[PDB]
Amino acid sequence: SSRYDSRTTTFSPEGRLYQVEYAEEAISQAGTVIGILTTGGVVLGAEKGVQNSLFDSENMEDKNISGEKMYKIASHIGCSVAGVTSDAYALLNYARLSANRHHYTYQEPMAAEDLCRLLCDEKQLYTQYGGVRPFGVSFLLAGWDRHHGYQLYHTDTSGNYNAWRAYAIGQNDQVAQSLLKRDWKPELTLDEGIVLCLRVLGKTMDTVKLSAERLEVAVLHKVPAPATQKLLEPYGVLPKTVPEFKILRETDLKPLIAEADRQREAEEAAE
Amino acid sequence: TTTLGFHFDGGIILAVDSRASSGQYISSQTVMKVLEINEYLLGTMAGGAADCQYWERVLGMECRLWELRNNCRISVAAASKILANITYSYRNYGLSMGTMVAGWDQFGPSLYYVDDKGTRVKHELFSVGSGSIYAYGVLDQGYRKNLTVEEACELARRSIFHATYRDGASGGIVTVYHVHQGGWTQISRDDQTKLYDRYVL
Amino acid sequence: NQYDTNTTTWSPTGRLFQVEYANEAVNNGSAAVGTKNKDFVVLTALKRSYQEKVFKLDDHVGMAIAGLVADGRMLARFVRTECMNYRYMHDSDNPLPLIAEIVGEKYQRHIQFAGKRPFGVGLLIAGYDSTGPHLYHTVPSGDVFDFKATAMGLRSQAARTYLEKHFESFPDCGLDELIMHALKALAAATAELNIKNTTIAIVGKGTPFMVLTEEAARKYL
Amino acid sequence: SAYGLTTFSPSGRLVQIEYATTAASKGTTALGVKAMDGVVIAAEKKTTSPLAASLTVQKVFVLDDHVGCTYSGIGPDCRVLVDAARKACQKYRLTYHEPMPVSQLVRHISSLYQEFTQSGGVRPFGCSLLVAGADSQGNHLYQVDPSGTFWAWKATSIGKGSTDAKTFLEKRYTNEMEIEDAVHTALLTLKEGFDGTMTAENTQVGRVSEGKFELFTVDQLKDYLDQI
Amino acid sequence: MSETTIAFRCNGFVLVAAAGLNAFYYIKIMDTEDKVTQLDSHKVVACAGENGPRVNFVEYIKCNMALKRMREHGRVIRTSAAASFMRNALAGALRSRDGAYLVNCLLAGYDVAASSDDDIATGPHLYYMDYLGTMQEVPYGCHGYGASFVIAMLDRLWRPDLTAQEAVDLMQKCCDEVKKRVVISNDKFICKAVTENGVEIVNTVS
Amino acid sequence: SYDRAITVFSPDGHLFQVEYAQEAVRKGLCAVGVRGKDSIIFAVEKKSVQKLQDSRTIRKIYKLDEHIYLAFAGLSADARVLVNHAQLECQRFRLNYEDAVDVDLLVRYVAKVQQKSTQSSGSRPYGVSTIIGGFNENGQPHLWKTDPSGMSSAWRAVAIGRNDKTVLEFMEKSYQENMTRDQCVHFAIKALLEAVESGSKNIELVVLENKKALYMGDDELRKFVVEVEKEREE
Amino acid sequence: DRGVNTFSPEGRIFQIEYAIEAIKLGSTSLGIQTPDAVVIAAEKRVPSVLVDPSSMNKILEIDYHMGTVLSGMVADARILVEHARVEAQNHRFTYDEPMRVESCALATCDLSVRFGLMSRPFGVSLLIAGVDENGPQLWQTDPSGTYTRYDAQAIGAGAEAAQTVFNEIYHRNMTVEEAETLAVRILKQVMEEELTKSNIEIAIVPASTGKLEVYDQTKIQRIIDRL
Amino acid sequence: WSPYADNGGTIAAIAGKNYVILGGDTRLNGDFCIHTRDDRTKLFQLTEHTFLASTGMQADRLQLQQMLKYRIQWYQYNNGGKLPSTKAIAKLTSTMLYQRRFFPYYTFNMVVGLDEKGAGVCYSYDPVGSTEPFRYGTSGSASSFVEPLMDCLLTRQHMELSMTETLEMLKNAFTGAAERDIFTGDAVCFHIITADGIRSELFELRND
Amino acid sequence: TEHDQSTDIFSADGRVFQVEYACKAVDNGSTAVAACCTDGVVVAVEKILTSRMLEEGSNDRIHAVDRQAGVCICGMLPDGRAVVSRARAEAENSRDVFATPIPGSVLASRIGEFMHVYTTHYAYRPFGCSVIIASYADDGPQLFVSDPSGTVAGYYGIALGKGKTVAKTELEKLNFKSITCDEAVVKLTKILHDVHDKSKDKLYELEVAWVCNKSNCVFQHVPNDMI
């Protein structure tokens, strides 16, 4: 039986780990995913596959927890994935469990960089111990915390992570990264960020008009705090605004898609 | 049993008696109650002889390994901490132990008390054992920081003597040690009955 | 050769090659001899910078080894432990036939499973119990032979040739002639024999297992 | 044995998952249609010979009183998923005293498929499932594949005759069908791809309606086959 | 209850005091042990109990807080999060094999903004805890045989707008009443303030 | 539980898994340490300058305790695991001995973890080399290096990662005993720019002094780089 | 390809033969026994002038009466020496006396052979030198777990050369001065660099006192000059 | 049912400049009865220079004698065939008794032999293993008689012997103990230990 | 031809080659014969000696496993000895737990089961012995054979090893209903002397055992005078 072992955790002759490189190639074949840091939040956008007529809704009771491509981890952290879908669900459960245990132990929210570092350690482990293939997933993570404010991280198949003002993973990521390097600026609003995201997905998909059925958009932003029950919690103190992860619907995108088509028709005119 | 130690300008004095009693029959009059752990540290035993002797030998083994691996002497604070962790881990298992640990390291002379429940305290003066309640009487009358070595040895000797004369569980031979910068010295051994003849005047 | 790598692979002619190769470790060790008469057993060994080749296993039994010394030591610790338990439970000497059986059985467990390596060592075990003197030879395959005289190691065919001429006369020999026949057999597998490169060990009736000192061995060398 | 059997290859592919998916796509044909007030699933059960007893062959399974499934591919592999699914439904009732939602049951199943694509010493499952059921959010039909991926559908098919069946359903499907018109449509779609004569003995049918899942008996199915 | 501990918070500080006594049955060994331990730049805990459990409990909390600090870019942790971790360690131990840590604590801290994104309300906080794992935010609190005398005094005299000078005076009256009325001798107190500038010893109280 | 033997000897005494790990280290970004009279400098090359990178850069020099820092070269994800082990050991030592850990003793613990990874069944070696520096409780500075085999040694100045052998020849000539905090910062920047291209935002730097640590800001660093770029023209 | 437990056709275990090759690529180490004392010495071999030579000791203390010099893989050697130290202190704990040199050699060999658990043998040989009731002794341990007593021995790259110098000059009856000198001679010959006083290590254990002494730089130079 | 029984009787030893003399009585007592008058299990030879002597429960001294005999055998196999000294065995014994702290041997033990200079020595232990070196010792049912007598005749604090004279003092001490302790009687086995070897002798006591 | 490297793999034709190879070791070993009379069972085997200096009883191939039952080993003797131990344990279990002497048919089926399990798993190899089992408990006289595949059968007479084809011919000219245990010993020994090949194996002896009424249903070696 040992002669049929493929030796997944063994170095090869230039200090390379071949399974880790091959899993990275799988990512580069997946649906494109974009992230943008603004002054009002983080935007995450994804291309969906071609839309068959016989597809159905799960009809879930709360609509801002999961789409096809975007998932909530905690009230202040959301993500988007590229790669092997069932592998993403296994790591998403691990992250959900980690972030909510921290809140059990300290009664405060987990820091964004800390959650990212736990997730990446779970990937590193499978490259060093235990004789099986690594995970074939890459995440963009969006978060808010009191230490550094809005953040956008990316994780890769080796268990490395980095921080970004804008980024792209999946299929046409060199094209998308070139357009973002031109049109990103430090003084963007949340709505200007959403338009800049729809135009970049517009270009990589290669359609003149943006289908509202082939896109998905989520935001991590701050909204007015709710109740403040000082009768039931006499020493409870909330702030004015709390983070929220929201998945935009077809009735919130309609005006923002218009603004993205006008800027597309005034960029085809100058040429 | 009676043991005491204090810290003065010239180092640390330790002194002990030598009897072992159940509570009626006297099993020995020649127990050594100061343990020479190595050549820069001392311990004392009160409580169970076997417990103090075994775990002080363990601590001497840990000190010598430290010295081999790090090429320098362990501090008194660390040595005493190793012993207090052990006693704490066995705090539900019924040891009986009341030790002092003394030495002179790079921060100067240090004296600690360590017991069977994990207690560990640093202070300038202690007495331990059933005779302690007599020795503190004489010692608190004579103790000051500016004693000479000869005066400090006398004060320690006279204090153990007065405990031996009133406590049934203390007696035998009175021994005095001096902990200084160069390590430690045994100053004296005297039968408590010869001392009676020198102090009754 | 596609069949010579693991202990768990039979070849197409019904052989086990890894076990034949462990048996070559023994045949390239330094030579050792054993002989017995009605009431003694003698072992001799070439020990040339002194290298330990003979080991006491209990009051009534010892052995010589050939091949890998670290495997020798692992078997010595096992047999020692077994003899100590037997005496604890019975207050008497562990019978030699039962020692030879548990050793054989321990060798065999190491030739049938992929997570174990064969022992690369041969033993001559000598002892004396209630049924008299015994001499056994054990090898890496797990076989155990009960002998009147034998030799193992490098050039031990010459020693075996010498013993085939004389062995039928050994029952009537005394302890002194028996020791001499054992050194002349070891000499045939060889510089000459001094008190600094040769071990002599004895066990028997009224004699606990012992190794001669250099004083006592002078009388014969 | 404790090393992995499924591994990445130079272009990023996991080939054992594709090969397992090829085994699923060579099984016999199953399908499913969601109406506005229930769901129907159906499958072919042809035997190799008339010496086999038809009655005992099962292609449609009850998982609990509100949900059931069918499969294409390797049957003995499906039994392992059906046992795990049954157990999960009962464990959910013990903890919350209500029926496990179909969304949660599908996710449970999907994570069991994902483990056999990564753990040591095992190959992936060689079957796809269709799961159909009813809960508080309505009636649902899902598909799960050997990768562990799952999708919600209005109508679909798996197995050999699955491309022609999906083209035929795309034409005839409407958002306003009643349950009884769906049973008709499902049985008509099977008949197209069927090699030979469809009988009530060589086909099997299950239905969700009024919040319950039920297998048709042979007799019930005969009434529906005499109308089509 | 052989050692008394006292604390109270006012608008820009928390004062914390504890008795120095170490005893062996009826003998005083020393009366100058410091039991008001500093956990980080703006936090202290005062603990009552035998030396063994007290020291082993505060070193465990200090270690975990230092670890958490460096896996977080060295940022000061909030007082409510430290309180939550302590309570969870006390309650955990109660249902463990080794048994409860027999210690009673008062935890005090001053919260300060991490960064410019931080929307935390800055201020002093004080939490009462017991050996079982009970935990309650309070304006003032006490442990030990002296506790009941001091609590009644503070119900009578404490206000939130005491100045620093009025507060030091009020803490001296509290300590004097413990010496007056409790049979067990608590002769020396050590007191510390926690403020926006950190932790300092108050030398005029004893 | 996978328990295959991964690191084995081959016919001329080589351990190939350990040499391959040493090749991953030489592909890694360059890192430098320099011991002065009363300071230790650590300087590291960064991946590259981009418009899209976030200004708050992720740190690649780690704190292990108040008085000890670590830089590395090789696989960044393996290094994070080693940093985590060393942080726990520093706190385990305080819990057991009360004192703060000495630097040489923490270096031995780390080297032993690396050595074990080369002999344990079921796991490959860490592809990482480390530089570790700190001050004891008597103000004396230490600087150590470890490799993937577990071999440790003390240095006055040292370099690891790509073009280590070039930077080490430069440093062999120019190094002087007893340098100032500013003379050390100069020397370290200079040594790095033998390998690296520019000196803009492709250097991070830490200055460690007895009881104070500083991640250098962009403004103070720009000043030191221009001063060094001027002297390289001469 | 072929496993860790495999025997070759002439009856050797392959991984043990290869581990012995790795030792012949080491720095050179040696020892000489006289009736007065035992002497051990090693080529240091530092990689650059920027290294503190203190930190690269090839001679370690096990206990007051015994010391070791190592050859081959340094990090593997530190595991063995930690085991020898722990055994020598367990013997004092239990029996209130120093451990014999031969017993300490034996204990180190019982660790060195537990592979098949560890993935591979240790690539290390030690020379152990000490004094007990049988006088000054010198033992060698090797990756096969065999231990052997010697009168003079060398290990490493210059080993084969140094056994020709020993087969000429070494007699069982020399003095401390003649052995100290024979040591620094053999080193000079088989080395690569030029022999300074901060580029080698020497130590002695004498029957007289029975303690181990590591020579300073000052005292080494007196032995270079006497050449 | 208890796991403990006291089987009675007495041991004593006296050291000289180059000998030690050691004695144990031979009666084994049950509950309100006598099992035998010729038990030889109180003295147990460990080497040619070292003995163990024990009182208390007979089944526990049988276990302790065997545990020591096996640790001493392992010491020879790991040390070139050589035997441990009297001082080495005395420290081993202390360590073995303390390792059973939590279900202790019900035994009062002595180790006696010659030291390295060739002089006699006696080590006496409490049941968890504290001890010290001394010139004489006793334990068992008559030990509170015999011990004050040895203090009187050998140290003389209120006021060099031959082998022969020392043996006469012990004969007289056992004769007195047999008259006044109900659990000591029948006979004493004496061993005289010198560098040469070990002489033995049996001495009769009162049978009631 | 990778299909013949482990016992856990079928070949394309439905065979397990490692088990066939193990059977070839039995077919090259020394010959054994056995016969079931009306009184009992007799077994006899040829021992090939490797030296003229062996003691008597060395490398015995026949072993008692209970008062009333015995085993004879063909092929590799140390493998056979592992089966003898297992069989001893099953016979003891039957006495201790069920208070019966193990019936012959049950003993043979447990031995078969044990041997079969080593033909199923990548980490073990098949045994290289066949076992003859001879028993006389409450189910009468019984003779069985178990081979390396774990297949088990009952016989009136049987031969194994390299002389088996000829030996079988001669067992077919016996009358099994009529023969006694004293006649059997003479006939069986004759067959073994006749098939012995004098060129290849020069030194040999015979070993013989029985269980019958004469012996009180005790399994034992025949006294050396009856040959």
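Residue numbers (UniProt numbering), protein chains in the order written: chain Y, 2 to 272; chain L, 111 to 311; chain W, 4 to 51, 59 to 200, 204 to 234; chain Z, 4 to 231; chain U, 1 to 206; chain V, 2 to 235; chain D, 9 to 124, 132 to 242; chain C, 33 to 191, 198 to 246; chain F, 4 to 230.
The C-beta atom is built at its ideal place from N, Cα and C for all residues, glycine as well.
From the DSSP output, in three-state form, read off residue i for me.
i, result
"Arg-93 of chain V", "helix"
"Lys-231 of chain V", "helix"
"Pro-165 of chain C", "strand"
"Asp-138 of chain Z", "strand"
"residue 218 of chain U", "For chain U, the structure presents residues 1 to 206; residue 218 of chain U sits outside this window and is missing."
"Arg-27 of chain V", "helix"
"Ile-213 of chain W", "strand"
"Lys-43 of chain U", "strand"
"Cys-198 of chain Y", "helix"
"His-143 of chain U", "strand"
"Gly-196 of chain Z", "helix"
Could you check where the beta strand (DSSP E) with residue i kicks off and where it finishes?
i, result
"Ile-59 of chain V", "Counting along the chain, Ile-59 of chain V falls outside any beta strand (DSSP E), and DSSP gives it neither H nor E."
"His-290 of chain L", "283 to 290"
"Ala-18 of chain U", "13 to 19"
"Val-202 of chain U", "198 to 202"
Name the chain U residues that come within less than 7 angstroms of residue i, Cβ to Cβ?
i, result
"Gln-92 of chain V", "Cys-63, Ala-66 and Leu-67"
Considering just the uninterrupted stretch of the alpha helix (DSSP H) at residue i, what are its terminal residues?
i, result
"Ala-91 of chain U", "79 to 94"
"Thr-204 of chain C", "201 to 218"
Which residues of chain V have a Cβ atom closer than 8 angstroms to the Cβ of residue i, listed in chain order?
i, result
"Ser-3 of chain Y", "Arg-5"
Against residue i, what residues of chain Y qualify as contacts under a CB-to-CB distance less than 8 angstroms, listed in chain order?
i, result
"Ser-4 of chain Z", "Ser-2"
Which chain Z residues are close to residue i, counting only those with a beta carbon under 8 angstroms from its beta carbon?
i, result
"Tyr-90 of chain Y", "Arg-110, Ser-113, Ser-114, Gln-117 and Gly-151"
Does the CB of residue i have a neighbour CB from chain A at under 9 angstroms?
i, result
"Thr-42 of chain D", "In summary, chain A is missing from the structure at hand, where the protein chains are Y, L, W, Z, U, V, D, C and F."
So who's on the other strand from residue i, going by DSSP bridges?
i, result
"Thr-139 of chain C", "C:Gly-88"
Given 8 angstroms, three or more beta-carbon pairs between the stretch 73 to 90 of chain Y and the stretch 27 to 35 of chain Y: yes
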